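Here is final-v4.pdb, consisting of PDB, C-alpha atoms (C1' of nucleotides):
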```
ATOM      1  CA  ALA A  17       0.000   0.000   0.000
ATOM      2  CA  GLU A  18       3.031   2.245   0.480
ATOM      3  CA  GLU A  19       3.908   1.993  -3.236
ATOM      4  CA  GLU A  20       0.413   2.902  -4.513
ATOM      5  CA  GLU A  21       1.493   5.682  -6.861
ATOM      6  CA  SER A  22      -1.051   7.947  -8.528
ATOM      7  CA  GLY A  23      -1.399   7.009 -12.185
ATOM      8  CA  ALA A  24       0.392   3.697 -11.613
ATOM      9  CA  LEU A  25      -0.958   0.691 -13.512
ATOM     10  CA  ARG A  26      -0.467  -2.735 -11.931
ATOM     11  CA  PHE A  27      -0.694  -6.154 -13.576
ATOM     12  CA  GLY A  28      -1.148  -9.557 -11.985
ATOM     13  CA  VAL A  29       0.238 -12.670 -13.666
ATOM     14  CA  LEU A  30       1.559 -14.840 -10.784
ATOM     15  CA  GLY A  31      -2.036 -15.852 -10.061
ATOM     16  CA  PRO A  32      -5.168 -15.118 -12.059
ATOM     17  CA  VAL A  33      -4.156 -12.369 -14.470
ATOM     18  CA  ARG A  34      -5.695  -8.990 -13.683
ATOM     19  CA  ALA A  35      -5.396  -5.274 -14.423
ATOM     20  CA  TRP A  36      -5.486  -2.628 -11.680
ATOM     21  CA  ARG A  37      -5.821   1.087 -12.438
ATOM     22  CA  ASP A  38      -5.009   3.157  -9.324
ATOM     23  CA  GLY A  39      -6.611   0.490  -7.124
ATOM     24  CA  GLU A  40      -9.707  -0.461  -9.144
ATOM     25  CA  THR A  41      -9.849  -3.735 -11.068
ATOM     26  CA  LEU A  42     -10.555  -3.952 -14.792
ATOM     27  CA  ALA A  43     -12.612  -6.540 -16.664
ATOM     28  CA  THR A  44      -9.901  -8.589 -18.371
ATOM     29  CA  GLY A  45     -12.431 -10.561 -20.408
ATOM     30  CA  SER A  46     -12.470 -14.013 -21.973
ATOM     31  CA  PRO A  47      -9.916 -16.666 -20.924
ATOM     32  CA  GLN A  48      -8.221 -16.498 -24.331
ATOM     33  CA  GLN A  49      -8.103 -12.706 -23.992
ATOM     34  CA  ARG A  50      -6.532 -13.155 -20.551
ATOM     35  CA  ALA A  51      -3.983 -15.597 -21.977
ATOM     36  CA  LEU A  52      -3.149 -13.158 -24.790
ATOM     37  CA  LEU A  53      -2.595 -10.431 -22.196
ATOM     38  CA  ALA A  54      -0.351 -12.788 -20.212
ATOM     39  CA  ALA A  55       1.619 -13.729 -23.343
ATOM     40  CA  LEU A  56       2.119 -10.056 -24.206
ATOM     41  CA  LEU A  57       3.119  -9.252 -20.620
ATOM     42  CA  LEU A  58       5.653 -11.960 -19.748
ATOM     43  CA  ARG A  59       7.953 -10.917 -22.636
ATOM     44  CA  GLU A  60       8.802  -7.757 -20.592
ATOM     45  CA  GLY A  61       7.425  -5.468 -23.353
ATOM     46  CA  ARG A  62       9.111  -7.304 -26.263
ATOM     47  CA  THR A  63       7.313  -7.243 -29.669
ATOM     48  CA  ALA A  64       5.564 -10.579 -30.256
ATOM     49  CA  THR A  65       4.386 -11.219 -33.807
ATOM     50  CA  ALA A  66       0.785 -12.166 -34.552
ATOM     51  CA  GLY A  67       1.707 -15.646 -35.782
ATOM     52  CA  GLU A  68       3.771 -16.312 -32.633
ATOM     53  CA  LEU A  69       0.881 -14.987 -30.518
ATOM     54  CA  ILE A  70      -1.367 -17.475 -32.335
ATOM     55  CA  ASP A  71       1.133 -20.253 -31.605
ATOM     56  CA  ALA A  72       1.320 -19.257 -27.933
ATOM     57  CA  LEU A  73      -2.453 -19.076 -27.459
ATOM     58  CA  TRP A  74      -3.609 -22.053 -29.563
ATOM     59  CA  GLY A  75      -0.557 -24.156 -30.445
ATOM     60  CA  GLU A  76      -0.492 -26.372 -33.530
ATOM     61  CA  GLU A  77      -4.077 -26.325 -34.906
ATOM     62  CA  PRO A  78      -5.493 -22.814 -35.370
ATOM     63  CA  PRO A  79      -8.647 -22.084 -37.378
ATOM     64  CA  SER A  80      -8.087 -20.591 -40.807
ATOM     65  CA  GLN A  81      -9.629 -17.098 -40.618
ATOM     66  CA  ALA A  82      -8.933 -16.460 -36.924
ATOM     67  CA  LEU A  83      -6.121 -13.912 -37.193
ATOM     68  CA  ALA A  84      -8.951 -11.386 -36.893
ATOM     69  CA  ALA A  85      -9.734 -13.082 -33.575
ATOM     70  CA  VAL A  86      -6.325 -12.003 -32.248
ATOM     71  CA  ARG A  87      -6.958  -8.606 -33.857
ATOM     72  CA  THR A  88     -10.222  -8.153 -31.955
ATOM     73  CA  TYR A  89      -8.636  -9.462 -28.743
ATOM     74  CA  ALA A  90      -5.983  -6.751 -29.058
ATOM     75  CA  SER A  91      -8.709  -4.197 -29.799
ATOM     76  CA  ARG A  92     -10.546  -5.273 -26.638
ATOM     77  CA  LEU A  93      -7.305  -4.896 -24.667
ATOM     78  CA  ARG A  94      -6.889  -1.377 -26.056
ATOM     79  CA  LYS A  95     -10.488  -0.739 -25.000
ATOM     80  CA  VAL A  96      -9.824  -1.941 -21.448
ATOM     81  CA  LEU A  97      -6.266  -0.612 -21.181
ATOM     82  CA  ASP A  98      -4.731   2.706 -22.203
ATOM     83  CA  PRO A  99      -4.428   3.565 -25.918
ATOM     84  CA  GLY A 100      -0.650   3.934 -25.581
ATOM     85  CA  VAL A 101       0.244   1.083 -23.225
ATOM     86  CA  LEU A 102      -0.270  -1.497 -26.013
ATOM     87  CA  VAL A 103       1.642  -0.602 -29.177
ATOM     88  CA  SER A 104       1.571  -2.296 -32.579
ATOM     89  CA  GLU A 105       5.001  -2.945 -34.105
ATOM     90  CA  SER A 106       5.768  -5.011 -37.231
ATOM     91  CA  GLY A 107       2.292  -6.539 -37.197
ATOM     92  CA  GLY A 108       2.567  -7.646 -33.562
ATOM     93  CA  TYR A 109       1.790  -6.200 -30.154
ATOM     94  CA  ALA A 110       3.900  -5.111 -27.202
ATOM     95  CA  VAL A 111       2.855  -3.810 -23.785
ATOM     96  CA  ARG A 112       5.172  -0.839 -23.207
ATOM     97  CA  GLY A 113       5.222   2.080 -20.789
ATOM     98  CA  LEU A 114       5.366  -0.187 -17.733
ATOM     99  CA  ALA A 115       7.153   1.298 -14.728
ATOM    100  CA  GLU A 116       9.010  -0.616 -12.027
ATOM    101  CA  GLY A 117       6.885  -2.884  -9.855
ATOM    102  CA  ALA A 118       4.047  -2.870 -12.397
ATOM    103  CA  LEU A 119       4.431  -6.581 -13.201
ATOM    104  CA  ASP A 120       4.310  -9.058 -10.324
ATOM    105  CA  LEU A 121       6.715 -11.411 -12.119
ATOM    106  CA  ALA A 122       9.376  -8.686 -12.310
ATOM    107  CA  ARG A 123       8.766  -7.883  -8.638
ATOM    108  CA  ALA A 124       9.258 -11.562  -7.772
ATOM    109  CA  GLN A 125      12.465 -11.652  -9.839
ATOM    110  CA  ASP A 126      13.813  -8.566  -8.055
ATOM    111  CA  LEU A 127      12.834  -9.939  -4.635
ATOM    112  CA  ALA A 128      14.544 -13.265  -5.378
ATOM    113  CA  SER A 129      17.674 -11.450  -6.583
ATOM    114  CA  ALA A 130      17.724  -9.309  -3.430
ATOM    115  CA  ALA A 131      17.253 -12.424  -1.285
ATOM    116  CA  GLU A 132      20.184 -14.112  -3.043
ATOM    117  CA  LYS A 133      22.313 -10.984  -2.569
ATOM    118  CA  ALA A 134      21.484 -10.918   1.147
ATOM    119  CA  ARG A 135      22.309 -14.635   1.346
ATOM    120  CA  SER A 136      25.700 -13.759  -0.136
ATOM    121  CA  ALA A 137      25.958 -10.935   2.424
ATOM    122  CA  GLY A 138      24.676 -13.163   5.244
ATOM    123  CA  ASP A 139      21.746 -10.909   6.219
ATOM    124  CA  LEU A 140      19.000 -13.148   7.593
ATOM    125  CA  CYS A 141      16.271 -10.709   8.675
ATOM    126  CA  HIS A 142      16.394  -8.640   5.473
ATOM    127  CA  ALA A 143      16.226 -11.638   3.130
ATOM    128  CA  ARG A 144      13.539 -13.190   5.341
ATOM    129  CA  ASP A 145      11.441 -10.038   4.903
ATOM    130  CA  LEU A 146      12.168 -10.022   1.156
ATOM    131  CA  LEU A 147      10.982 -13.620   0.800
ATOM    132  CA  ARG A 148       7.928 -12.882   2.967
ATOM    133  CA  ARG A 149       7.065 -10.098   0.521
ATOM    134  CA  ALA A 150       7.759 -12.456  -2.396
ATOM    135  CA  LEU A 151       5.453 -15.201  -1.104
ATOM    136  CA  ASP A 152       2.612 -12.674  -0.678
ATOM    137  CA  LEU A 153       2.432 -12.088  -4.459
ATOM    138  CA  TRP A 154       0.837 -15.132  -6.105
ATOM    139  CA  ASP A 155      -2.704 -16.136  -5.125
ATOM    140  CA  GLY A 156      -3.431 -19.800  -5.750
ATOM    141  CA  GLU A 157      -2.235 -21.546  -8.881
ATOM    142  CA  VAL A 158      -0.442 -19.405 -11.452
ATOM    143  CA  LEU A 159      -2.383 -18.550 -14.641
ATOM    144  CA  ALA A 160      -5.723 -19.840 -13.389
ATOM    145  CA  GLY A 161      -8.174 -21.035 -16.023
ATOM    146  CA  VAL A 162      -6.310 -19.903 -19.145
ATOM    147  CA  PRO A 163      -5.782 -22.239 -22.130
ATOM    148  CA  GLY A 164      -2.820 -22.761 -24.410
ATOM    149  CA  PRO A 165       0.516 -24.570 -24.481
ATOM    150  CA  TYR A 166       2.377 -21.352 -23.675
ATOM    151  CA  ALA A 167       0.095 -20.904 -20.666
ATOM    152  CA  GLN A 168       0.767 -24.502 -19.595
ATOM    153  CA  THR A 169       4.530 -24.051 -20.001
ATOM    154  CA  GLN A 170       4.496 -20.838 -17.960
ATOM    155  CA  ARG A 171       2.296 -22.544 -15.349
ATOM    156  CA  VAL A 172       4.644 -25.485 -14.856
ATOM    157  CA  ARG A 173       7.774 -23.293 -14.965
ATOM    158  CA  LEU A 174       6.455 -20.852 -12.372
ATOM    159  CA  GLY A 175       5.225 -23.730 -10.214
ATOM    160  CA  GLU A 176       8.698 -25.274 -10.281
ATOM    161  CA  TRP A 177      10.272 -21.882  -9.536
ATOM    162  CA  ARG A 178       7.884 -21.448  -6.603
ATOM    163  CA  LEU A 179       8.950 -24.922  -5.448
ATOM    164  CA  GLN A 180      12.626 -23.924  -5.444
ATOM    165  CA  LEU A 181      11.693 -20.643  -3.734
ATOM    166  CA  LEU A 182       9.952 -22.608  -0.978
ATOM    167  CA  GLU A 183      12.967 -24.927  -0.747
ATOM    168  CA  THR A 184      15.412 -22.027  -0.319
ATOM    169  CA  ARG A 185      13.047 -20.166   2.034
ATOM    170  CA  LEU A 186      12.589 -23.124   4.347
ATOM    171  CA  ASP A 187      16.250 -24.140   4.171
ATOM    172  CA  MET A 188      16.950 -20.627   5.455
ATOM    173  CA  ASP A 189      14.209 -21.147   8.061
ATOM    174  CA  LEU A 190      16.015 -24.276   9.262
ATOM    175  CA  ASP A 191      19.236 -22.237   9.252
ATOM    176  CA  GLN A 192      17.737 -19.554  11.523
ATOM    177  CA  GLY A 193      15.847 -21.902  13.856
ATOM    178  CA  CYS A 194      12.170 -21.971  12.838
ATOM    179  CA  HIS A 195      11.196 -25.556  13.606
ATOM    180  CA  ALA A 196       7.443 -25.701  14.201
ATOM    181  CA  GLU A 197       6.041 -23.736  11.258
ATOM    182  CA  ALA A 198       8.515 -25.379   8.876
ATOM    183  CA  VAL A 199       7.575 -28.892  10.027
ATOM    184  CA  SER A 200       3.852 -28.131   9.744
ATOM    185  CA  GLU A 201       3.910 -26.510   6.298
ATOM    186  CA  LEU A 202       6.335 -29.068   4.839
ATOM    187  CA  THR A 203       4.115 -31.858   6.158
ATOM    188  CA  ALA A 204       1.266 -30.158   4.287
ATOM    189  CA  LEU A 205       3.341 -29.727   1.108
ATOM    190  CA  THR A 206       4.632 -33.311   1.081
ATOM    191  CA  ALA A 207       1.054 -34.445   1.622
ATOM    192  CA  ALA A 208       0.267 -32.374  -1.477
ATOM    193  CA  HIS A 209       3.528 -33.352  -3.252
ATOM    194  CA  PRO A 210       4.211 -37.074  -2.732
ATOM    195  CA  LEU A 211       7.301 -37.514  -4.936
ATOM    196  CA  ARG A 212       9.226 -34.262  -4.350
ATOM    197  CA  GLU A 213      12.518 -35.526  -2.928
ATOM    198  CA  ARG A 214      14.022 -32.153  -1.947
ATOM    199  CA  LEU A 215      11.061 -31.242   0.274
ATOM    200  CA  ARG A 216      11.286 -34.666   1.927
ATOM    201  CA  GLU A 217      14.998 -34.141   2.614
ATOM    202  CA  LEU A 218      13.994 -30.807   4.147
ATOM    203  CA  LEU A 219      11.502 -32.757   6.299
ATOM    204  CA  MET A 220      14.328 -35.107   7.359
ATOM    205  CA  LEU A 221      16.695 -32.323   8.400
ATOM    206  CA  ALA A 222      13.867 -30.340  10.033
ATOM    207  CA  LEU A 223      12.615 -33.268  12.113
ATOM    208  CA  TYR A 224      16.179 -34.251  13.031
ATOM    209  CA  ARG A 225      16.605 -30.776  14.569
ATOM    210  CA  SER A 226      13.085 -30.573  16.064
ATOM    211  CA  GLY A 227      13.086 -33.582  18.407
ATOM    212  CA  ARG A 228      10.862 -35.826  16.256
ATOM    213  CA  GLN A 229      12.242 -39.017  14.724
ATOM    214  CA  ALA A 230       9.606 -41.747  14.293
ATOM    215  CA  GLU A 231       7.402 -40.021  11.722
ATOM    216  CA  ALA A 232      10.569 -38.847   9.945
ATOM    217  CA  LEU A 233      11.808 -42.360   9.203
ATOM    218  CA  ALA A 234       8.204 -43.430   8.585
ATOM    219  CA  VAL A 235       7.999 -40.752   5.868
ATOM    220  CA  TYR A 236      11.397 -41.903   4.577
ATOM    221  CA  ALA A 237      10.248 -45.537   4.387
ATOM    222  CA  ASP A 238       7.072 -44.433   2.603
ATOM    223  CA  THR A 239       9.250 -42.391   0.233
ATOM    224  CA  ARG A 240      11.407 -45.398  -0.657
ATOM    225  CA  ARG A 241       8.365 -47.658  -1.062
ATOM    226  CA  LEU A 242       6.515 -45.181  -3.296
ATOM    227  CA  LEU A 243       9.657 -44.416  -5.316
ATOM    228  CA  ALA A 244      10.193 -48.139  -5.899
ATOM    229  CA  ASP A 245       6.518 -48.728  -6.737
ATOM    230  CA  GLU A 246       6.064 -45.791  -9.123
ATOM    231  CA  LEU A 247       9.555 -45.664 -10.668
ATOM    232  CA  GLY A 248      11.390 -48.911  -9.906
ATOM    233  CA  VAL A 249      14.666 -47.124  -9.109
ATOM    234  CA  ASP A 250      16.712 -45.949  -6.084
ATOM    235  CA  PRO A 251      16.368 -42.443  -4.568
ATOM    236  CA  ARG A 252      19.097 -39.815  -4.840
ATOM    237  CA  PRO A 253      22.303 -40.581  -2.887
ATOM    238  CA  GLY A 254      22.127 -37.315  -0.930
ATOM    239  CA  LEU A 255      18.935 -38.424   0.821
ATOM    240  CA  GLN A 256      20.549 -41.728   1.819
ATOM    241  CA  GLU A 257      23.692 -39.896   2.971
ATOM    242  CA  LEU A 258      21.746 -37.491   5.187
ATOM    243  CA  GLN A 259      19.669 -40.353   6.603
ATOM    244  CA  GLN A 260      22.867 -42.271   7.399
ATOM    245  CA  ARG A 261      24.410 -39.247   9.121
ATOM    246  CA  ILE A 262      21.126 -38.878  11.027
ATOM    247  CA  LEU A 263      21.358 -42.526  12.134
ATOM    248  CA  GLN A 264      24.815 -42.039  13.677
ATOM    249  CA  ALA A 265      23.463 -39.139  15.816
ATOM    250  CA  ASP A 266      25.904 -36.525  14.562
ATOM    251  CA  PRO A 267      25.801 -33.495  16.917
ATOM    252  CA  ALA A 268      26.872 -31.112  14.126
ATOM    253  CA  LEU A 269      23.284 -30.631  12.935
ATOM    254  CA  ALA A 270      21.937 -30.349  16.492
TER     255      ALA A 270
ATOM    256  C1'  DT B   1      46.742 -18.571-105.799
ATOM    257  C1'  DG B   2      51.096 -18.497-103.027
ATOM    258  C1'  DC B   3      53.422 -15.470-100.131
ATOM    259  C1'  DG B   4      54.831 -13.738 -95.421
ATOM    260  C1'  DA B   5      53.133 -10.780 -92.251
ATOM    261  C1'  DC B   6      49.761  -8.475 -89.904
ATOM    262  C1'  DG B   7      46.746  -9.124 -86.877
ATOM    263  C1'  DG B   8      43.371 -10.832 -83.561
ATOM    264  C1'  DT B   9      42.278 -14.405 -80.512
ATOM    265  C1'  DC B  10      43.060 -17.455 -76.933
ATOM    266  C1'  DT B  11      45.012 -20.182 -73.435
ATOM    267  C1'  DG B  12      47.581 -21.021 -68.655
ATOM    268  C1'  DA B  13      50.995 -18.861 -66.014
ATOM    269  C1'  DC B  14      53.333 -25.866 -59.238
ATOM    270  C1'  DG B  15      50.908 -26.526 -54.480
ATOM    271  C1'  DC B  16      48.681 -25.622 -49.706
ATOM    272  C1'  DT B  17      47.541 -22.823 -44.886
ATOM    273  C1'  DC B  18      49.286 -19.277 -41.000
ATOM    274  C1'  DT B  19      47.427 -15.028 -42.607
ATOM    275  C1'  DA B  20      41.895 -13.265 -44.730
ATOM    276  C1'  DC B  21      38.987  -6.357 -45.893
ATOM    277  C1'  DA B  22      36.785  -3.264 -47.228
ATOM    278  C1'  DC B  23      34.622  -0.454 -50.791
ATOM    279  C1'  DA B  24      33.166   6.807 -51.919
ATOM    280  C1'  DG B  25      30.505  13.502 -56.748
ATOM    281  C1'  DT B  26      24.154  16.568 -59.600
ATOM    282  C1'  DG B  27      14.480  17.679 -58.722
ATOM    283  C1'  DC B  28       9.615  17.686 -56.815
ATOM    284  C1'  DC B  29       4.628  17.192 -55.415
ATOM    285  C1'  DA B  30      -0.344  16.278 -56.177
ATOM    286  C1'  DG B  31      -4.289  12.773 -57.063
ATOM    287  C1'  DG B  32      -5.746   8.149 -56.556
ATOM    288  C1'  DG B  33      -5.943   2.833 -55.460
ATOM    289  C1'  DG B  34      -5.032  -1.294 -51.547
ATOM    290  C1'  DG B  35      -4.319  -3.358 -47.393
ATOM    291  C1'  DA B  36      -2.453  -3.089 -43.099
ATOM    292  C1'  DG B  37      -4.204  -2.065 -38.563
ATOM    293  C1'  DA B  38      -8.665  -0.617 -35.070
ATOM    294  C1'  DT B  39     -14.102  -0.997 -34.350
ATOM    295  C1'  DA B  40     -18.829  -2.389 -32.818
ATOM    296  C1'  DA B  41     -22.129  -5.647 -34.010
ATOM    297  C1'  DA B  42     -23.778 -10.500 -35.102
ATOM    298  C1'  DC B  43     -25.335 -15.690 -35.568
ATOM    299  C1'  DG B  44     -24.442 -19.604 -33.398
ATOM    300  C1'  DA B  45     -22.688 -22.345 -29.596
ATOM    301  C1'  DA B  46     -21.871 -24.056 -24.990
ATOM    302  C1'  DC B  47     -21.607 -22.491 -20.704
ATOM    303  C1'  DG B  48     -24.004 -21.799 -16.146
ATOM    304  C1'  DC B  49     -28.021 -21.420 -13.003
ATOM    305  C1'  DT B  50     -32.278 -23.208 -11.564
ATOM    306  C1'  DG B  51     -32.335 -26.497  -7.546
ATOM    307  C1'  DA B  52     -35.525 -30.328  -8.680
ATOM    308  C1'  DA B  53     -35.611 -35.165  -8.387
ATOM    309  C1'  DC B  54     -34.195 -40.171  -7.655
ATOM    310  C1'  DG B  55     -32.122 -43.063  -4.415
ATOM    311  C1'  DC B  56     -29.127 -44.294  -0.760
ATOM    312  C1'  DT B  57     -27.635 -44.974   4.172
ATOM    313  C1'  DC B  58     -29.334 -43.312   7.791
ATOM    314  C1'  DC B  59     -30.140 -42.266  13.295
ATOM    315  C1'  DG B  60     -34.324 -42.711  14.827
ATOM    316  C1'  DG B  61     -38.781 -41.649  17.684
TER     317       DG B  61
END
```
Kindly present the structure from the file in structure tokens form.
Amino acid sequence: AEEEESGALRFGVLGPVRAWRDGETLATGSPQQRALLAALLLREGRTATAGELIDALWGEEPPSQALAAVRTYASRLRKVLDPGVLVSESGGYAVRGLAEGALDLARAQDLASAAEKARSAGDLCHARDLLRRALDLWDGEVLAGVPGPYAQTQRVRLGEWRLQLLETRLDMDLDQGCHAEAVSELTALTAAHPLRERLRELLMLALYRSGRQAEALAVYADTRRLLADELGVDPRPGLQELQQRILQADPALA
DNA sequence: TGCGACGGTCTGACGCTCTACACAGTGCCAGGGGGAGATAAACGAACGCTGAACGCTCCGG
């Protein structure tokens, strides 16, 4: 609320895509219109051609006379948005005139970069606040209810990036000494994510430093059984190494 | 026709890499035809809301 500048236009892509003019929300429109807006936004104001926009929205099988569909989608964007924010260059469209902090993806990138810089500088409270601000950006699943293979690719990429953000965040939480909340939320996540090995290693190191051991090795046994049932292979050697060093009761982690 | 000579025509002028680069002085606008992009509407489609309605276990007086 402290950065609510007058005349500032804010866009939301990390969840359901939305447009905010000075605090009031705009009617984005149809799901394909929303996906076109997302495709034009994530390129950081780079000119995307109409054929590439068609490929991003629809993929391999477009209808024959539906370039005018993208034309009227862009016209509806220019209706909803400013006349000058969306510019037409070389037959394509680009969302220009965006100030800093306008796009939530760029804000997340800057927050992650600042968190990494503070990790390099060793500042725990500052990077903790930066990651707290970062996690308060996306609401629910990214790109909710939009079609297209580009939308699917962005969805899975940003979900994976959020997974690594949670991994780094909670590894730092185990570094600073936050046991209870970490154990609870990682139990919830591994209930949601059954085959994510990194989060389960985080559960192992968290429970080893929290005074709880039985459910830790129970989760580990379930992990090996499910990984053998669904894949037929052996888990990563780092998980076995950390479990072995847990078994010998090494006081370095404690 | 035989003669030299006069002349044009035509050809290549061993092999490779290490190296290896680019190329410069004199007109001007109006009228008209097409297709690129924005517009607002349109015919058809399926997308939702309406809970209703059928049937099940159900705790039960």
Open item on the list: So, with only C-alpha atoms as the atoms that count, which of A:66, A:244, A:265, A:82 lies closest to residue 107 in chain A?
Closed with: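 For residue 107 in chain A, the nearest of the given residues is A:66.
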Give me the residues within 7 Å of range 163-175 of chain A as a short mmCIF file (atom, residue, chain, number, x, y, z; two decimals) with C-alpha atoms, in the frame of the given file, counting only C-alpha atoms (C1' of nucleotides) and dropping any in the same chain fewer than 4 places off.
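As written to disk, result02.cif reads:
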```
data_model
loop_
_atom_site.label_atom_id
_atom_site.label_comp_id
_atom_site.auth_asym_id
_atom_site.auth_seq_id
_atom_site.Cartn_x
_atom_site.Cartn_y
_atom_site.Cartn_z
CA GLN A 48 -8.22 -16.50 -24.33
CA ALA A 51 -3.98 -15.60 -21.98
CA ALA A 72 1.32 -19.26 -27.93
CA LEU A 73 -2.45 -19.08 -27.46
CA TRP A 74 -3.61 -22.05 -29.56
CA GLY A 75 -0.56 -24.16 -30.44
CA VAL A 158 -0.44 -19.40 -11.45
CA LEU A 159 -2.38 -18.55 -14.64
CA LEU A 179 8.95 -24.92 -5.45
#
```
TODO: Report as a list in words the set of chain A residues whose atoms approach chain B to within 12 Å, with distances computed over all atoms listed in the file.
DONE: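 Close to chain B, chain A has residues 66, 84, 86, 87, 88, 89, 90, 91, 92, 93, 94, 95, 99, 103, 104, 105, 106, 107, 108 and 109 of chain A.
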Task: Coordinates-based distance that separates CA of residue 222 in chain A from CA of residue 267 in chain A (Å, one decimal) - done: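 Taking CA of residue 267 in chain A as the start and CA of residue 222 in chain A as the end point, the length is 14.1 Å.
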- [ ] For the file shown, report as a ChimeraX atom specification the outcome of the PyMOL selection byres ((chain A and resi 36-44) around 9) at residue level.
- [x] /A:20-28,33-35,45-47,49-50,53,92-93,96-97
Task: Atomic distance CA of residue 80 in chain A - CA of residue 65 in chain A, expressed in Å with one decimal - done: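 Separation of CA of residue 80 in chain A and CA of residue 65 in chain A: 17.1 Å.
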- [ ] Figure out the distance between CA of residue 85 in chain A and CA of residue 115 in chain A, please, to one decimal in Å.
- [x]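 Here the two named atoms are 29.1 Å from each other.
Once the PyMOL selection byres ((chain A and resi 132) around 12) is applied to the depicted file, the selected set reads residues 125, 126, 127, 128, 129, 130, 131, 133, 134, 135, 136, 137, 138, 139, 140, 142, 143, 144, 146, 147, 181, 184, 185 and 188 of chain A.
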- [ ] Report as an NGL selection string the full result of the PyMOL selection byres ((chain A and resi 221) around 12) when it is applied to this structure.
- [x] :A and (186-187 or 189-191 or 193 or 195 or 198-199 or 202 or 214-220 or 222-229 or 232-233 or 236 or 254-255 or 257-263 or 266 or 268-270)
Report as AutoDock Vina command-line options the centre and the edge lengths, in Å to one decimal, of the axis-aligned box holding every listed atom of range 154-168 of chain A, padded by 4 Å on each side.
```
--center_x -2.9 --center_y -19.9 --center_z -14.8 --size_x 18.6 --size_y 17.4 --size_z 27.4
```
